[PDB]
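Participant: Based on what follows, work out the 3D shape:
(2 chains, ligands or ions: 2)
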2 protein chains.
Amino acid sequence: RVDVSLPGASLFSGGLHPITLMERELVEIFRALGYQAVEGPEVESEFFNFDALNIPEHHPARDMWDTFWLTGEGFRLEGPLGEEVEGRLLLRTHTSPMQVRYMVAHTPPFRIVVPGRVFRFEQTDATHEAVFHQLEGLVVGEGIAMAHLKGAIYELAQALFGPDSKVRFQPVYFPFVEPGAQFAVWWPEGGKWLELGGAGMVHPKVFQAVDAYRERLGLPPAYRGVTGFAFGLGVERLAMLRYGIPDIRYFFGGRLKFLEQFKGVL
Amino acid sequence: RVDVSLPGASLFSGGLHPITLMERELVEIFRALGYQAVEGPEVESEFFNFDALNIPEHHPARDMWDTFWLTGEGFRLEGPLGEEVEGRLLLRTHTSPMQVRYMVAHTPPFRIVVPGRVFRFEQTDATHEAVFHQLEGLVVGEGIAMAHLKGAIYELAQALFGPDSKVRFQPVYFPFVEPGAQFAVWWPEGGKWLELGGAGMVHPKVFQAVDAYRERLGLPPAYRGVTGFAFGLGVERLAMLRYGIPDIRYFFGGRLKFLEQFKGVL
Ligand SMILES: Nc1ncnc2c1ncn2[C@@H]1O[C@H](COS(=O)(=O)NC(=O)[C@@H](N)Cc2ccc(O)cc2)[C@@H](O)[C@H]1O
Ligand SMILES: Nc1ncnc2c1ncn2[C@@H]1O[C@H](COS(=O)(=O)NC(=O)[C@@H](N)Cc2ccc(O)cc2)[C@@H](O)[C@H]1O
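Facilitator: Residues are numbered from 1 along each chain as shown, chains lettered A, B, ... in the order given. Ligands and ions are numbered 1, 2, ... in the order given. Okay, here it is:
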């Protein structure tokens, strides 16, 4: 006879980090809208993180970002087509550069979504980290309009908070779009707006930087007659309000007691 | 010191059945086109499997299907809205009835995909089973056209066999569509057409059966001013040519030596 209520062999039970969980749900949501997920490098060149995105040096625009500059030789940074790219190395301050990398390597129309680890030299509080995650979205093609950008975010909201959810766009500035916008989604269960990210219609100069770089590389231009929208949102910010996490600093804390609480969450 | 090349603790390693793998890839493909996966019951009523789909008794159409009829009382079969549905019980000869179940329970526009176990009383050879799986697709809404149906299958093909793949539609008969069609996809690596399934524009009488049933249930009509396409394809047939399985009869064989070969395949 056996005491069946007794503890069984202690096999380990794993789990996924909350950021991974949230990233997965976001990617699932945008995959249903036809977006494909691709990643870019964390250590990026000033050209891709800034210049290509219309953010030149010694101007108010640069002063908006808190960049971590790197040093060291022998480091090889490959470009969109495996080429050796040059320029001052840095930690990407956002996922946006992957927006230029993808476009030089592909041809429209397309829909991508790019999650990624980003870095910014700033003070860490309960809603700010120096190391966090963003999700870029980019849809380029003939006839793409801001209504499509609004439609996309509307879908995000519905998918994330149900039918009684809604979105709100307000104008904001980004050297890489025009029109530019910041957006929030209505969280019905919590009764308040959440400022998720920035977006807009890809800037004419960004498309120009892309084809110009394509030419240096010997590729034909590909973005002369197309338009497109792009957005960038905070993964931790969404995870926090979604999984009820009170302090952004927990994410990178490595505390098993914290992590293990998401073994269930998918 | 330790002989690190020695075998480690024999922890078990699992795997998923090939049908599960293939179903997952198909669902992933259609999810990217905006389709949502829902399942229906295996034991179905003659009303949903036939009558609603415009297949009346004692007519050539019925004689096309090899139905397994069931018997026994005390069995409760619930309808789209949990109601108690009546009629001669049977094993569904296809996933198509889920096409009527979903429509009475929801309102257009929408896009569903419904994988499922189906049954047919026929001889089992290397490409025929009495118990196999199908994947229905249904997209209903204002302005839906056959071009959209062709577009869908075109996407399936591209996603399944790459850019050098193509589709072929030929007319065929189904009491539940009009136009009706059968389709094949070009398998570039194998140099030959594969007859995947049937499809067409949902029949006017099917939409009528749906709303008529909705009225009995007290719901307002919902399919008067919409059109839609639907398709049904063989999962095993696609898995076979996709995973190189020579005999359909292996699937339900339960032979571990067979199954374990797909531990890798995702
Ligand atoms: N220090 C920090 N810690 C945690 N999350 C942070 C953060 N700094 C920013 N975030 C999150 O990052 C989101 C976007 O960052 S941002 O600096 O405001 N905007 C950007 O970086 C741009 N790349 C956004 C963008 C705008 C337009 C586009 O077409 C594409 C992208 C914010 O909405 C916020 O939720
Ligand atoms: N006995 C069997 N064993 C294995 N696979 C089988 C089978 N009998 C059929 N199949 C697979 O099932 C697919 C479709 O089955 S079928 O009887 O030809 N067609 C149907 O059942 C219909 N419901 C298809 C359909 C047609 C139009 C629509 O709008 C929706 C669906 C075939 O293309 C074939 O690949």
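Participant: quick one: residue A:98 is in a helix?
Facilitator: Yes: assigned with DSSP: H, G, I helix; E, B strand; the rest coil, residue A:98 falls within a helix.
Participant: wait, isn't it in contact with residue A:38?
Facilitator: Yes: judged on CB atoms under 8 Å, residue A:98 makes contact with residue A:38 at a distance of 7.2 Å. The way it works is simple: take the backbone N, C-alpha and C, and place the C-beta from them, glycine included.
Participant: tell me, what's touching those two both at once?
Facilitator: Shared contacts of residue A:98 and residue A:38, defined by CB atoms under 8 Å, 6 or more residues apart in numbering or on different chains, comprise residue A:114.
Participant: who has more neighbours, these two?
Facilitator: residue A:98 (25 against 17; other CB atoms under 10 Å in any protein chain shown).
Participant: Could you find the closest non-adjacent residue to that one?
Facilitator: residue A:40 (3.4 Å; CB to CB, 6 or more residues apart in numbering or on different chains).
Participant: repeat for residue A:200
Facilitator: That would be residue A:177: by CB to CB, 6+ apart, it lies 2.7 Å from residue A:200.
Participant: Over to residue A:250?
Facilitator: Per CB to CB, 6+ apart, closest to residue A:250 is residue A:258, 5.3 Å.
Participant: what's the neighbour count on the one you found?
Facilitator: Around residue A:258 there are 15 residues (other CB under 10 Å).
Participant: just checking, it touches residue A:252?
Facilitator: No: counting by CB under 8 Å, residue A:258 stays clear of residue A:252, with 10.4 Å between them.
Participant: Name the residues of the stretch 1-150 of chain A found near ligand 1, please.
Facilitator: Selection of the stretch 1-150 of chain A residues close to ligand 1 by CB under 6 Å from any ligand atom yields A:94, A:96, A:120, A:122, A:128-129, A:132, A:134.
Participant: Which two of the residues you listed have the greatest separation?
Facilitator: Largest separation among those by CB to CB: A:96 and A:128, giving 18.8 Å.
Participant: Tell me which of those two has more neighbours.
Facilitator: Neighbour count, other CB under 10 Å: between residue A:96 and residue A:128, residue A:96 has more, with 30 against 14.
Participant: From what I see, that one and residue A:50 are in contact.
Facilitator: No: the criterion here is CB under 8 Å, and residue A:96 misses it with residue A:50 at 9.4 Å.
Participant: that older thread, just give me the neighbour total for the residue nearest to residue A:200.
Facilitator: Residues near residue A:177, counting by other CB under 10 Å, number 25.
Participant: again, but for residue A:225
Facilitator: Per other CB under 10 Å, the neighbour tally for residue A:225 reads 10.
Participant: now swap in residue A:171 and tell me
Facilitator: Residue A:171 has 9 neighbours, counted by other CB under 10 Å.
Participant: do residue A:126 as well
Facilitator: 12.
Participant: any bit of the top helix by length along chain A sitting next to chain B?
Facilitator: If you go by DSSP state H, chain A has its longest helix at helix A:146-161. No: using CB under 8 Å from any CB of the partner chain, helix A:146-161 never reaches chain B; the gap is at least 9.7 Å.
Participant: how about that helix: buried residues?
Facilitator: Of all the residues in helix A:146-161, those buried under the rule 16 or more other CB atoms under 10 Å in any protein chain shown are A:146, A:149-150, A:152-161.
Participant: cool, and stretch A:82-98?
Facilitator: Neighbour counts over stretch A:82-98 (16+ other CB under 10 Å) mark A:85, A:89-98 as buried.
Participant: Can you name the residues that contact the residue positioned nearest the centre of chain A?
Facilitator: Centroid check for chain A by CA atoms, centre = their mean gives residue A:135 as the closest residue, at 2.1 Å. Residue A:135 sits next to A:23, A:26-27, A:95, A:113-116, A:232-233, A:235 when contact means CB under 8 Å, 6+ apart.
Participant: Check the secondary structure at the residue nearest to residue A:98 for me.
Facilitator: Of the three states, residue A:40 takes coil under three-state DSSP.
Participant: Counting neighbours, what do you get for it?
Facilitator: Neighbour number of residue A:40 under other CB under 10 Å is 20.
Participant: Am I right that it is in contact with residue A:94?
Facilitator: No: counting by CB under 8 Å, residue A:40 does not reach residue A:94; the two are 10.6 Å apart.
Participant: next one: phi and psi at residue A:211?
Facilitator: phi -60, psi -30 (degrees, to the nearest 10).
Participant: How much space separates it from ligand 1?
Facilitator: 18 Å (CB to the nearest ligand atom, to the nearest Å).
Participant: about what we covered before: can I get the longest helix of chain A in CSV? Just the C-alpha atoms.
Facilitator: Presented in CSV, the C-alpha positions along helix A:146-161 are these (Å, rounded to 0.1, in the frame of the first residue of the first chain):
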residue,chain,number,x,y,z
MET,A,146,-2.1,57.7,-40.6
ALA,A,147,-5.6,56.1,-40.5
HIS,A,148,-3.8,52.7,-40.7
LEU,A,149,-1.5,53.7,-37.9
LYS,A,150,-4.5,54.6,-35.7
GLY,A,151,-6.2,51.4,-36.8
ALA,A,152,-3.2,49.4,-35.7
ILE,A,153,-3.1,50.9,-32.2
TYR,A,154,-6.9,50.5,-32.0
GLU,A,155,-6.4,46.8,-32.6
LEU,A,156,-3.6,46.7,-29.9
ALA,A,157,-6.0,48.2,-27.4
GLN,A,158,-9.0,46.0,-28.3
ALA,A,159,-6.8,42.9,-28.1
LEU,A,160,-5.2,44.1,-24.8
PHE,A,161,-8.2,45.3,-22.9
